[PDB]
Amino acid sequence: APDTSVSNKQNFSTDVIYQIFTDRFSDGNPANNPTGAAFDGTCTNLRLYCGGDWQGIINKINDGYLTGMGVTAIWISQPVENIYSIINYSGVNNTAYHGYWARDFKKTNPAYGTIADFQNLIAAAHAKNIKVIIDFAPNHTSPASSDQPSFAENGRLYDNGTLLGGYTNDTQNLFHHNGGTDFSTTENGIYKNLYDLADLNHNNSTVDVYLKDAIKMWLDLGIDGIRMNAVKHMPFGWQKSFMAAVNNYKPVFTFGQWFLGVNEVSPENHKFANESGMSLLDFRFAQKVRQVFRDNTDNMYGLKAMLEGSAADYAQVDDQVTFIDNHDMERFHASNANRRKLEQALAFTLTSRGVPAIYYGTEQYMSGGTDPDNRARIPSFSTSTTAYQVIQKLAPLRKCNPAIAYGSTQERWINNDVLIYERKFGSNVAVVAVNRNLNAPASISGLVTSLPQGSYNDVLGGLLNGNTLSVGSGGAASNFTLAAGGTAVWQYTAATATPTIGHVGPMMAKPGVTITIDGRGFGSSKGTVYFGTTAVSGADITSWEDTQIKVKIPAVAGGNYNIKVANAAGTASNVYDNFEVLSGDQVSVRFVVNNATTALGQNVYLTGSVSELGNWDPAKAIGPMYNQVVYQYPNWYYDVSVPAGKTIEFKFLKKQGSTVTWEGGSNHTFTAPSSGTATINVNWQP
């Protein structure tokens, strides 16, 4: 199938995700509704179950609501069994309607449906060219009272019905007992409880092996993607090991939730997206959008800065899942705000780089404050809304115009309130004009584009007061007036002659695993694939078509390789960098070094004889390591993904900037577990 096929689990850049709060979408089966104090059929008490389930999703998939909108993928609440308790938080009853309080990762949440129901949902979706993404929160189980065991379900973790352990009397140390996080530091938010939620200990072999086995069941069930909950609250090294487990089995597009506040630009976050094996929800993008289009706290120069910066900071900016709101923030549409603000933010998002995600009901102009007022039941299934039509008109462009799915992004015209940007990929172009100023039109002169000479009709058909464009020679557009609150889209599509790679997934795996290379101009006859200088052709190239190529990763040494391809004629494509070839199956190992004294600003890192540890290159060292929670300075610790069963030599370094101090003596050595976890403890050698 082609790159845009529903069968493409490794690429969502040509799709448009619709995030569904399962309980608040559609109750397709009243028979599975919880009862009594745990239920409110009228969905007035937004903290109880409202009855929304998987059958309801199936129904809306079958009645054209989602298809008619151009939605090609859905992101649903965590499907696993949650606790059944009703939690009283200061006179307020609560339930796990949101699916974030897991109790058994190998079972379904009855409220949502059964295993069969889930299977039916997968089949119904795939039958309508709709991919299924599931939320997965392996950070914790549920709320628990380390003091009072009778509280809730004591954060009890079950394994397909078999109790593994609870928060109280945690002799096995399935959980963390480091108190609660104040979000003061990254390490603080990782090894301490998220609120009162029982923090799972991924360095516990039973926990590590359990979770990995769990996701495998869901993969076997047919999921096309994973949305990892609170990734900034789990060990990065462990998550890499988790992603390797997924990629080395059945790779599916995975993105994590790493919240970013207004104006927050974090290198840690960039590094995670660039090296974890998963992408992220674009909070940087979402927060700037809200400033620019919703709150009026930044102008188009901020949007432009975000677009340029993000393209340079994220190795795979096209893998970042964009959005304008979600279940953890005020609904984008303010009760008395001008609807055009939402329509414009949506139009911008749908035509921008990455993977667009639309919070359910956005298209019905739902308003609401923070939890749980942002999770009201969808008020209508109308297709006549302006927002609904904007999506219906733009969403499909991600499939028919590779410029929008894989194209670069360039600012072509700009001022305080106006942004005109261009997307380009092969013989495809798209230009988007946006005037956020709802009371003042703008005069556009001097606009230059990559569009071929001619007249271009607004794809939105003037729905958002757009207009026709006139392109002359050199691609210079004739003067035009951009209406107040105007938004227009102009495009050009044609067959691409030369091989051009627009996407690669997954971006991290061990040799032998099959990767998907998408783009255009590959030709119909098998060509060549390059991993760095290594050439791959013939049998290992499972399939080759103009837009998609499936090839097995060659048995090259672990490392970072640049991906390139050549058509049958020998014509080379562009280079898609940052591909990580694993040294093999991975395991999460905790490295601990004692007595590593440093000065303020100086940190300790880990370097080793394998690519997973940077092959002795300080620039590629692992860290900086932690020294507050699990161990205290001068003791340092860190959880790293390493090649399972390999004898590895390592050493520690002290670094300030790029200046590096090597641990003295000889190399430390150890053999990585064949499965599960392990902890290596050593003293820093002078």
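Residue numbers run from 1 along the displayed sequence.
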Report summary line: Comparing mean C-alpha B factor in the record for 409-417 and 191-199, the higher one is 191-199
Query raised in the report: So which stretch wins on mean C-alpha B-factor, 459-467 or 224-232?
Result: 459-467
Query - Of the residues 402, 149, 446, 277, the one carrying the largest Cα B-factor as recorded - result: 149
Query raised in the report: In this PDB entry, which of 496, 491, 362, 595 has the top CA B-factor?
Result: 595
Report task. Pull the Cα B-factor of residue 55 out of the PDB entry and bin it into the chain's lowest, middle or highest third. Result -> middle
Report task. Pull the Cα B-factor of residue 500 out of the PDB entry and bin it into the chain's lowest, middle or highest third. Result -> lowest
Report task. Grab the CA temperature factor for residue 672 from the record and place it in the lowest, middle or highest third of its chain. Result -> highest
Query raised in the report: Which third of the chain does residue 525 land in by C-alpha B-factor: lowest, middle or highest?
Result: highest
Report task. Comparing against every modelled residue in the chain, figure out the third that the C-alpha B-factor of residue 4 lands in (lowest, middle or highest). Result -> lowest
